[PDB]
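Chains as they are written, first to last, in the entry's author numbering: chain BI, 2 to 208; chain BL, 6 to 158; chain BE, 2 to 258. Notes follow once the structure below has been shown.
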Amino acid sequence: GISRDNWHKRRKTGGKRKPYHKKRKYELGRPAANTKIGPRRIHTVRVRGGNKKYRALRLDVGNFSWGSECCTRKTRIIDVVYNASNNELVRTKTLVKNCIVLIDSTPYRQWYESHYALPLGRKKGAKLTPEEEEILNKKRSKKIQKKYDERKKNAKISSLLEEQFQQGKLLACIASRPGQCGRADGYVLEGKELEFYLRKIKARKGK
Amino acid sequence: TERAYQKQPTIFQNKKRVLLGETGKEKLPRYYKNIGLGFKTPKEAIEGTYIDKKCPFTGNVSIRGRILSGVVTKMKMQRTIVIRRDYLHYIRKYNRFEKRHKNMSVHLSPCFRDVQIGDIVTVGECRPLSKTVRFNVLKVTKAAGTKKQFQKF
Amino acid sequence: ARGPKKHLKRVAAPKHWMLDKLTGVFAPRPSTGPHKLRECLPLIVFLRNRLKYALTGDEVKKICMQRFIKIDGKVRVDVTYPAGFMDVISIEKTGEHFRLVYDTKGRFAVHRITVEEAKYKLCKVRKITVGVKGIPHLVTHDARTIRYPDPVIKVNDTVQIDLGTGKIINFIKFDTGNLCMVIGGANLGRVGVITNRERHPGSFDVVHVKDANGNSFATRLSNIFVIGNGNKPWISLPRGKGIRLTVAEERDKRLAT
RNA sequence: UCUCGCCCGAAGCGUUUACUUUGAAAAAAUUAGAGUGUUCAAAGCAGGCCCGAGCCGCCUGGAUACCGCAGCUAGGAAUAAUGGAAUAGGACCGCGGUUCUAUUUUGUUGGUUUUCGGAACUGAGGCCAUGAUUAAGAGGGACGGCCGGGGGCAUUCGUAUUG
RNA sequence: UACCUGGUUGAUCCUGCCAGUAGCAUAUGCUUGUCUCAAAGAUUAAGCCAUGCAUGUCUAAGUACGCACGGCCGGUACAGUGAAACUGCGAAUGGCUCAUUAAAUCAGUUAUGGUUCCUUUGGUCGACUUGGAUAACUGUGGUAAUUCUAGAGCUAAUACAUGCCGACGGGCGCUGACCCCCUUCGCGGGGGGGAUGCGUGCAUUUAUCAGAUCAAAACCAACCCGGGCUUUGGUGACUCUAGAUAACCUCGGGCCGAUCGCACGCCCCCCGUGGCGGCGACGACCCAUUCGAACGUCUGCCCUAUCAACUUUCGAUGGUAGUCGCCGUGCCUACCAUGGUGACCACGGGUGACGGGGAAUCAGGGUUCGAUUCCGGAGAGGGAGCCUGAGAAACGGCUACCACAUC
RNA sequence: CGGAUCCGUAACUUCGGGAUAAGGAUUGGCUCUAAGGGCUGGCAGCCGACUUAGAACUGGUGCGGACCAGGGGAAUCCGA
RNA sequence: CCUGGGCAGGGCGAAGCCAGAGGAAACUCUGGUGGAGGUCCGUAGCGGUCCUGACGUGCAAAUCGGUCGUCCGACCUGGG
Ligand SMILES: [Mg+2]
Ligand SMILES: [Mg+2]
Ligand SMILES: [Mg+2]
Ligand SMILES: [Mg+2]
Ligand SMILES: [Mg+2]
Ligand SMILES: [Mg+2]
Ligand SMILES: [Mg+2]
Ligand SMILES: [Mg+2]
Ligand SMILES: [Mg+2]
Ligand SMILES: [Mg+2]
Ligand SMILES: [Mg+2]
Ligand SMILES: [Mg+2]
Ligand SMILES: [Mg+2]
Ligand SMILES: [Mg+2]
Ligand SMILES: [Mg+2]
Ligand SMILES: [Mg+2]
Ligand SMILES: [Mg+2]
Ligand SMILES: [Mg+2]
Ligand SMILES: [Mg+2]
Ligand SMILES: [Mg+2]
Ligand SMILES: [Mg+2]
Ligand SMILES: [Mg+2]
Ligand SMILES: [Mg+2]
Ligand SMILES: [Mg+2]
């Protein structure tokens, strides 16, 4: 019975408009489904024109894009911090279109090893994890190609992403609508946006 | 600068320029849209700083439909001003005119500086930006009298 | 109201169908097709009212489902199928091959055409696009969406189309000096040489055209059908060259009788 | 301007109106009006020619006009208001330097430097007949010889009345 | 027909109104022979309704073992007509009324590049037939009954569902053992081939990269030949269409025919136990046209000031993010700013106000109606909510309250 | 009824009042969130005050939990 | 008359002052600051309306319990 109509409003001045419709069908309103961080649970919604809308009541996994290196991987959602539109939704842990998600940084480690070998984020131990780090021995000139990938491209993921990879968490901005398409899709906060949101989260934890 | 929670229109910032170590500039990757219609994009949208969703030269606001002209009356509303369109109305019985005006609101893009009260501005039809703002400021025309004058303090 | 309209009144029917007031209340509603309602002509109007083949509409409904009347090569089972400007009507038994061009008054003038020209058909390009796997498509005002058309076709062109295979041939562009025929507005059915186009940023450009014996008229790009190449019409057009002379000249023609 | 193929098209293009002449502009019915002997007429859009049935028939109409006001286009420049420059922060021509990019030719690729297209800033002089319509039997202000029971404050005089 | 006349006074002239005059459209009186058209429960009561009708629908072509009819008729299911039902579409059009409604609806003009769209028209569509369920039907019933229905048995399909074969694997990308040539004593330096493993198509959801007007050079290290070469389209604009890159593609699961009829012939031959299959109804993911919707832009509405300030905690105006919606929208939420309108009449009331095209009235100018047959809006006693469905806040659909009202 | 917070307040009038007019809602417990400052430097770091507002959760509708504590309105006569 | 002493907390918010808006001017409107009063609720203090309560050979030859009126003043009170 929710009407998003614009005929129950005041005018440009503030004079009251007289009601004469009966909240017609082409101006529907459906209640909000605040998407949690539990398991996967998506209902369907019939749309005018027979289309199908995917209502995500709670989500676990998502699809997230690294910004610079162009690597998009599947990622389990950890936590919701600093929605910056409504601080109640931070406590509620609600997924919305422009929200921030703690990416579990595990599926980027294997790609960073496979493409930018001699990796980092390995707790500064250098003795554990028999990953098959140095087993294939990199026989042909593709070892030199990986040397071009590691030294000429120089692999700089400077100290913000260094500390986040050592902590295992990563900061992400959602770019999809979880209430419309039912997907937790987003990108990784990189550089200036990353230090901006990090300053905001640090100030929020401070004061 | 920015006094909000995020301002970044379309252009991806990170080219990963870190190869030997240099600061460099950051005003180069700016989305530069030309509206067409024989109307020049001002240089404030070239070497500016503002980030606006509703700007005709920066945002995704497509200018279509009608092209009108008003006079700037008030500034006191944030990033949008109120114009006045004076016009005459022919009446069949008495066989002469009368003055009528309709004060409309219009989105003033922050590239247009020197927007002092009393100058004829050109406006263009767009999508509904808000409840009362449908037009968009297109070109500031009039110099509003004389600009040479200066006073004490 | 709720949903689409489904009936149609004779009074709200368009003028160019030559309908009546005393005969009936409802008008034949044209079904959805490749032509809009203000620029179409139903088959029941073409047979019952225009050629005078059947007095009632039920006889037309019987014969169009007894599979005689076909449009553009294939048989239309509907009694109220929409036709339009520059179409080929052919019925299968005698020499009855009707082109639907516009009369100078603004009516659907009948035109019996030889089969060697009735096999072919001109059609105006409505727009052009690209699609699946990067292939080009062309959209016709006759709702023909043809893939892999040509690279040398502007939006406002006229391309000859085949009726048997649906293949395009013989494209002609919108150039100063081509022969065109105005199809919409107050100057419909006006055949004249393209004289001048004037572009406007308000998405409606104007075109001044001239014809024979020194006359000129202005129209809009949404109402122009290019028909020839420099006073060389590809289609034979009936009742002279399609010219509105003068009401006084029509009275003089009637006095000449 | 010859910027795109000695003249022509396109584009630079109006500072924006008010007023007028075109043209497009919409839906009909209705109104005026063409034709048509519905037995006239109100009507309707019909009908008319040759054939003793023997032409497996022909021809034509179902137009036009108005559709205020509002919006679009192309001309007109009289009347009605608007700014051009006046602390010059004027308009034109061509020279000084700073500063910036794209893509053509050096046979290509990666690195440096220019001419070049122009945007941004700045310095000096010359060119303008160098720029302000004269001053309403319009108006405001100033002057100086008066003017008047004009107004306010204070003063003086005069009978008479009453005691 | 650009039209006046009687009336104040003992009499004249004037301002002045009253009364006559002529249509219009409602009612009524009197009277009535012919004929052609012809409005007609609008004004008060959008008050209440008994009764009877107003929405159903079959092709050679979805499903036929109905007990109903009967082809000659033998058997190797089904020749055909076929009531009833499952399925699909329609019942969101038409018809009726004007009670709300005063920039609200409408009307002229513009655009959706900010959206959806049944059907039609074109493009697209690269396991010799699988599994349960059920109606009609047969018997058994319930109460005073409804267009009421449980339970026993049965079988169907384009109702529901599951689901492979074809098709060579082309080509691309990442890894990739190994291999070819030159130099170096070797290490090493440079160029060129290459099986396995992983993904591949369209649409959805992301993120990234490249994307059109411009002509002369000066050097450094490699090499193709005898100084010398290479490229999607459009608008006025785009974050348009179309490319490439890495992943998702959501069980309430996007597509990639387990459909149906027709008349029938041919071929290699190892039977045909296989192909040669032509036309036609179903929507099938998507893209455009078409029917229409939707919110927008400019302009236009009667009377009233005994309606001069109105709007804002409960959004009034704007900005930034989000929610919802088909999309842009203070439509909704959180934060921030104090805005927005008005003496050119807003705001607040009244309308015996649905808006127009139009109708009446004969100089011109105007004045008054328009519920009414054409378009658009609103409602089905009041208002609220909603399934199905592309389209409804539907009412000859449903649910609950109020007033009536039936057995 | 009684305190406090947020709405809303009439007849009349000396325009000051009437007025805490009248009539409603909330009030507990526990977690949070936001806002309101000082001192050090050529925009950064340390230290503490008790207030207000909003949100969620929960208890047998209980919440001024004891105590503290205005029943109200319409009138007449008289005296300001 | 002289000389000393004393009166918890809240509510109403006058003059004056500041800022903003309107207007040609007169001036008006809004939000604060301010703390005026023989001003309101109310304690101590001072008096004593009602229960015509308790006593009524009582605590008392006039007192006690609730309920009270006023409490910055025309206020209460000691000593000379
Ligand atoms: Mg904290
Ligand atoms: Mg009279
Ligand atoms: Mg209807
Ligand atoms: Mg009414
Ligand atoms: Mg809010
Ligand atoms: Mg008249
Ligand atoms: Mg008249
Ligand atoms: Mg509407
Ligand atoms: Mg309705
Ligand atoms: Mg009724
Ligand atoms: Mg109905
Ligand atoms: Mg009914
Ligand atoms: Mg009182
Ligand atoms: Mg008291
Ligand atoms: Mg007293
Ligand atoms: Mg007192
Ligand atoms: Mg009192
Ligand atoms: Mg007391
Ligand atoms: Mg006493
Ligand atoms: Mg006592
Ligand atoms: Mg007693
Ligand atoms: Mg006793
Ligand atoms: Mg007391
Ligand atoms: Mg007191």
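C-beta atoms are modelled at their ideal positions from N, C-alpha and C, and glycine is treated no differently.
Beta-bridge partners assigned by DSSP to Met109 of chain BL: BL:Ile88. The closest CA to that of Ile72 of chain BL, considering only BL:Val120, BL:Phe117, BL:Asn39, BL:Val126, is found on BL:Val126.
Under the three-state reduction of DSSP, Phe44 of chain BL is assigned to coil, being neither helix nor strand.
Looking at the DSSP output, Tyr188 of chain BI sits in a beta bridge with BI:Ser66, BI:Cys174. Of all residues in the segment 10-44 of chain BL, only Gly41, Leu42, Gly43 place a beta-carbon less than 8 Å from a beta-carbon of chain BE. Taking the C-beta atoms as reference points, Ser114 of chain BL is found nearer than 9 Å to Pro61 of chain BL.
Rounded to the nearest angstrom, the gap between the Cα atoms of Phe109 of chain BE and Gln13 of chain BL is 58 Å. Here DSSP, grouped into helix, strand and coil, assigns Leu180 of chain BE to strand.
Per DSSP, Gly51 of chain BI lies in no alpha helix (DSSP H) segment and is marked neither H nor E. In the structure shown, the three-state DSSP call for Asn188 of chain BE is helix. For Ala2 of chain BE, the Cβ falls inside the 8 Å cut-off from some heavy atom of ligand 3.
Ranked by Cα distance from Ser159 of chain BI, the first of BL:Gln18, BL:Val23, BL:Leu42, BL:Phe17 is BL:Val23. Contact between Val140 of chain BE and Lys125 of chain BE fails: their C-beta atoms lie close to 10 Å from each other, not under 8 Å. Bounds of the alpha helix (DSSP H) holding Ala257 of chain BE are 248-257.
The C-beta distance from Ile122 of chain BL to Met80 of chain BL rounds to 7 Å, short enough to fall under 8 Å. Comparing alpha carbon positions, the residue from BE:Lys106, BE:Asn50, BE:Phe47, BE:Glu93 closest to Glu251 of chain BE is BE:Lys106. Looking from the CA of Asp91 of chain BL, the closest CA among BL:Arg101, BL:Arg105, BL:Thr85 belongs to BL:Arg105. A Cβ of chain BL is located within less than 9 Å of the beta carbon of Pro202 of chain BE. In the DSSP annotation of this structure, the continuous segment of the alpha helix (DSSP H) that includes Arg205 of chain BI starts and ends at 193-207. In this structure the segment 46-60 of chain BE lies against the segment 13-25 of chain BE, because at least three pairs of beta carbons, one per stretch, are closer than 8 Å. With a contact defined as Cβ atoms closer than 8 Å, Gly63 of chain BI and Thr73 of chain BI miss out at about 11 Å.
Between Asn84 of chain BI and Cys100 of chain BI, the C-beta gap is smaller than 9 Å, which places the two residues in contact. Look at the segment 81-94 of chain BI: the residues with a C-beta under 8 Å from a C-beta of chain BL are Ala85, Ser86. The segment 188-201 of chain BI makes contact with the segment 161-171 of chain BI, as at least three CB pairs between them are under 8 Å.
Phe47 of chain BE is not bridged by DSSP to any residue.
Between the segment 147-155 of chain BE and the segment 188-195 of chain BE there are fewer than three inter-stretch CB-CB distances shorter than 8 Å, so the stretches are not counted as touching. Taking CB atoms only, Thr127 of chain BL has no neighbour in chain BI less than 9 Å away. In this structure, DSSP gives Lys140 of chain BI a state outside helix and strand, which the three-state scheme calls coil. Per the C-alpha coordinates, the member of BE:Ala84, BE:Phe27, BE:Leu238, BE:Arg39 positioned closest to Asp143 of chain BE is BE:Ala84.
Those residues of the segment 121-147 of chain BL placed with their C-beta closer than 9 Å to a C-beta in chain BI are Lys136, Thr137, ordered along the chain. Counting along the chain, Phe172 of chain BE sits inside the beta strand (DSSP E) bounded by residues 169-173. In the DSSP assignment, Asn232 of chain BE is bridged to no other residue. Bridge pairing for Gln161 of chain BE: BE:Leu123, BE:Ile170 [DSSP]. The C-alpha of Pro15 of chain BE is placed about 25 Å away from the C-alpha of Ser91 of chain BE.
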